[PDB]
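Encoded as structure tokens, the following chain is the form deposited in one PDB entry, with no partner shown.
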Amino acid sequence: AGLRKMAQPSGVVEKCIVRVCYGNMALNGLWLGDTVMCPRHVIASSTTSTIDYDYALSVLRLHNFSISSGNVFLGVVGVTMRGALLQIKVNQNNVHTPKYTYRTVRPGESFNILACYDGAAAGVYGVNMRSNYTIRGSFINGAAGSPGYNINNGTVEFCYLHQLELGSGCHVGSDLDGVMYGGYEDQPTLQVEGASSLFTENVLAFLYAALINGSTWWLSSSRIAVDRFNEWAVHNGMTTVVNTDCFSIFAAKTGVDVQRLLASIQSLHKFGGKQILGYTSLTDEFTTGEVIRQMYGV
């Protein structure tokens, strides 16, 4: 029993972090095979005013790089731009490179952050990609280059390299293709994240987990069809429901159908001094997949 936002074990990824320094700039890189990937702003001469990255790369001093895995220093062979990343070829292969893929995640999908400083893992926590393409992270100045990953069948799927914090505190990264999530710029500008909508499918997962854990005081007997829910959502900061069928497993082991939870969601949207699994507000950080794993192991 119980539900916790968890991370997958980080060991396979820890072996891939390197420290990448250039001038007064220091951040983290991901060392896979003979390549290091890191945010391109490590070569920016200042990160406080606008940057011309092509100019910065044109005047790169290759020997001014210091890339290290622990006390083992990597020689830089070449550097190319890859969207908002540098792809740095180095002289040594990482023998501890796991089997890996890249994937761009979509809003509502969960992944793992390995929070890194000075090229060493410091913390690991789970996150969920918001509808405005930001994440609710904890990162301070040295954290750019911290990877986001998922692990499926021993293969590490890298989906995120940390880049920046918006003026609001929302955190933004790029995919391993170098495409910034949400189209935000890797510039110190005044960009503001879009309105965020709670991911209804995830809220439903949380409420089914709540039921399985014996929490029922909020359960409605009242019911509401998906369609009348969807019209209500778009004026109340929640998304729409299209797979009412990822919940079939949950409806069978609890006896509660989606439409009863959808009616509970509308009342719980702004709890009455009570809590659900410790929460005093609806949370959308848990996916059906996460809940299934924690409740049943598969």
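Under this definition, the rigid core comprises the largest set of C-alpha atoms superposing within 1.5 Å between the forms. Start at 1 and count along the sequence shown; that's the residue number.
Modelling of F229 is complete across the other compared entries in which both of its neighbours are modelled; not even a third of them leave it out. Notably, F271 is an intermittent gap: at least a third of the other compared entries of this protein, restricted to those modelling both its neighbours, have no coordinates for it. Count the deposited residues lacking coordinates between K270 and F271 and you get 1 to 3 of them.
When the two stretches 69-77 and 109-117 are set side by side, the higher mean Cα temperature factor goes to 69-77. Higher mean CA temperature factor, per the PDB entry, when comparing 7-15 with 21-29: 21-29. Highest C-alpha temperature factor among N202, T97, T134, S221, as the PDB entry reports it: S221. When the C-alpha B-factors of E157, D227, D175, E185 are read from the PDB record, the largest value belongs to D227.
In the deposited entry, the Cα temperature factor of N141 sits in the middle third of values across the chain's modelled residues. Ranked by Cα temperature factor within the chain, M37 sits in the lowest third according to the deposited record. In the PDB entry, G148 places in the lowest third of its chain by CA B-factor. The PDB entry assigns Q92 a C-alpha temperature factor belonging to the middle third of its chain's modelled residues. Looking at the C-alpha B-factors along this chain, the one for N128 belongs to the lowest third.
Below: the form deposited in another entry, not depicted.
Of the residues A233, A26, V256, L32, just one CA atom moves 2 angstroms or more between this form and the one not shown under rigid-core superposition; it belongs to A233. Core-superposed comparison between this form and the one not shown: the Cα of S68 travels less than 2 Å.
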